[PDB]
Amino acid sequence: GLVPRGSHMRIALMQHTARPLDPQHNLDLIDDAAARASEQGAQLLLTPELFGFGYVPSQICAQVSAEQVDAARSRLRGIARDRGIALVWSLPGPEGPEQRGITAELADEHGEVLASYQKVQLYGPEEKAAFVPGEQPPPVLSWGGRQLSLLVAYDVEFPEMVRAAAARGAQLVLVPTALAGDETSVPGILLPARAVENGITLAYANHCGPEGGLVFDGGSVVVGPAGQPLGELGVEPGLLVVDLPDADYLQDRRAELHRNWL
């Protein structure tokens, strides 16, 4: 609807199927979503993990070169500046195939990448074979009047990863994801706890339907600091649009003790 009074940030999340190894089709879908999100007044569009090439880790490692990653990356920058919308996407990192990670990047509405992050917690043996884990804490930056951060898929399942962002000041954590296997407890149990336990909002954007030998769950969601969904999708494809309204665990937490007990 109209932008509500008492809200200054309209976000969108793209939930859709990708086609393995078909970046032209996949980036056309993000372009379409970016257009529609912008026409609904969204200032940022969040897209799923590895959407550009599909969620196919071993094939990305075997058959997707750095040049082809770089090409898709340029095309996404163009979509951001071509549709006038901040964009969060996830592709492989920019190094060679056996040296790169899974990444998430944020570009502004002009087409300039402001933040990049490499997924620290890789999920399972195919992902661990195809990609190098990140070694750096999540970035936090001012955008749209709040502190944004990025994390990718399995990361958000570790309370330590979300705490790491929130400890650096994150207020909205944007998470591209690719979750299959009807794992309802990630969005239904963990996500809401991550928001409550840090007093933050998290946006989680998944694939949905059949892709690369799996069937993705959908279940894309924005969860606010009380742990309730501000908006959510089911299994069907969709563009979720949500307006963000304008115990102190972060201070109380005895970090000194808890850093040595992990």
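Throughout, we count residues from 1 along the sequence that is shown.
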{"item": "Unmodelled in at least a third of other entries of this protein, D246", "value": "yes"}
{"item": "Continuity check for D246 and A247, given as deposited residues lacking coordinates between them", "value": "4 to 9"}
{"item": "Higher-scoring stretch by recorded Cα B factor average, 194-202 or 227-235", "value": "227-235"}
{"item": "137-145 versus 90-98 - which carries the larger mean C-alpha B factor in the record", "value": "90-98"}
{"item": "Selection from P176, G181, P159, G169 [criterion: highest C-alpha temperature factor in the record]", "value": "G181"}
{"item": "Selection from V215, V221, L46, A34 [criterion: highest C-alpha temperature factor in the record]", "value": "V215"}
{"item": "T103 CA temperature factor, ranked by third within the chain", "value": "lowest"}
{"item": "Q121 by Cα B-factor - lowest, middle or highest third of the modelled chain", "value": "lowest"}
{"item": "Position of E112 among the chain's modelled residues by C-alpha B-factor, lowest, middle or highest third", "value": "highest"}
{"item": "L151 CA temperature factor, ranked by third within the chain", "value": "lowest"}
{"item": "Among modelled residues of the same chain, the CA temperature factor third for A164", "value": "lowest"}
